[PDB]
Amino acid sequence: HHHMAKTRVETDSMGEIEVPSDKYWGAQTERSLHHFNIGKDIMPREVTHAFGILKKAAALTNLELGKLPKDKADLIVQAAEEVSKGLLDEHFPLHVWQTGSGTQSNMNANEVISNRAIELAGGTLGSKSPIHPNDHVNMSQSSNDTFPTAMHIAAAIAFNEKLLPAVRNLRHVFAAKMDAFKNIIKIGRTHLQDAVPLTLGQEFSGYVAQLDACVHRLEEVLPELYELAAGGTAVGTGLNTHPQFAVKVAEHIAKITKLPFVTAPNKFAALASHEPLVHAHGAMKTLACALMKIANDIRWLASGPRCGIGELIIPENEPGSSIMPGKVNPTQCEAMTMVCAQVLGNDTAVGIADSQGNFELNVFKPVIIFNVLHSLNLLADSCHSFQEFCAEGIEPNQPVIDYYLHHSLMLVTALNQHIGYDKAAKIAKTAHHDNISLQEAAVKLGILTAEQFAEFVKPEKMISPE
């Protein structure tokens, strides 16, 4: 192994290893990079930032418990704050496809925070003095209860700060369009066939209701994620931690994040299984199922400009051609529906990985959180992009909407109570056979005048019960 850049010597129990001088990680992170260079997927930075939160909270807890000297605590807190702010993300090189407990990324956090703290103290990086990655930064913690804590911190923060606001904000654009479109009457479509009318606002209200329900399902995940594994140590018993550490470290994490993190009531389930994250992903899967449908309705309704449906007009954002006026490819719908297919696959992966726990520890932890955060960021980013570059600009093509409404055969049942089923069916059959409107067929057959037809067939009286 070699590095073009200058290196320093670090040590672990396997001996010396050279580490790039401008990086803060240590011997074990460097050594592990050599053995787990699988794929391109770097551990998600939300997990790195959550490790910063955990290590800060641990230092404050160990200080309060009298275990960690104030001067060492202050240095660790300062470095862990930089980690949690994302300022040291280039020092976290490990891939997802690592130790299944995530211990390697826990040690990456310990080594980075130790070496940055050593630098803040004016010491020699790699010397483990005055801040030792295991003895100080990992004090009262274990190889097994740290990564699952980072998983739940990362997922809960991302739900609250990124995903739920993105879905709420898209819902309120659809609601604003719903209100704008509340008096536009359009033809229904069931089984893809022409059907009785509804307003464009009513149809958009379905999307609003779908998104409302998804918001609620995502919120219902959060209490499970607020429960933290920290304090279970190696197998769940808390052996070799302080009797107060589990509760106090969660108290500090709650204070740091202003979210109601608590210690997990059952540490054995918290280490041996990850159904809270299966549930988090399942709620995201329900959102992908709703978004697939909503995005598909928008692109089908806007299809054209002349040989599709064409009831809606969407904004064009990629360059067009002056020789192709009216043509708009629905590229935000395409990105969103591709995201939705990915989320349904990621949901399969998460459930498979969760099902594979053995005894005291599920060792599929990195792939579980990787898929949760991948789906979350894809969904949130696509909601935001689809909102800005498609949904906010949706407009009705009123002449097309109106054409379908008054040229469909489906309004004919408004005639039954006036002329009877037989005469109404005759009007519809003649309209269909002669390729004319219901009104034109009624006049042609001498059954109704045009004024009688307009009195009897009022679409605004066909969008609610009697």
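Quick note: we count residues from 1 along the sequence shown, nothing fancier.
- Of the two segments examined, 37 to 45 and 406 to 414, it is 406 to 414 that shows the higher average Cα temperature factor in the deposited entry.
- The stretch 215 to 223 shows the higher mean C-alpha B-factor when 215 to 223 is compared against 345 to 353 in the entry.
- Residue-level inspection of the entry shows that, of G86, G320, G206, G100, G320 has the top Cα B-factor.
- Annotation for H281: CA B-factor lies in the lowest third of the chain's modelled residues.
- Placement of the Cα temperature factor of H132 within the chain: middle third of the modelled residues, per the deposited record.
- Ranked against the other modelled residues of its chain, the C-alpha B-factor of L438 as given in the entry falls in the highest third.
- Among the modelled residues of its chain, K182 has a C-alpha B-factor that falls in the highest third, as given in the PDB entry.
- Among all modelled residues in this chain, the alpha-carbon of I76 has a temperature factor (C-alpha) in the middle third.
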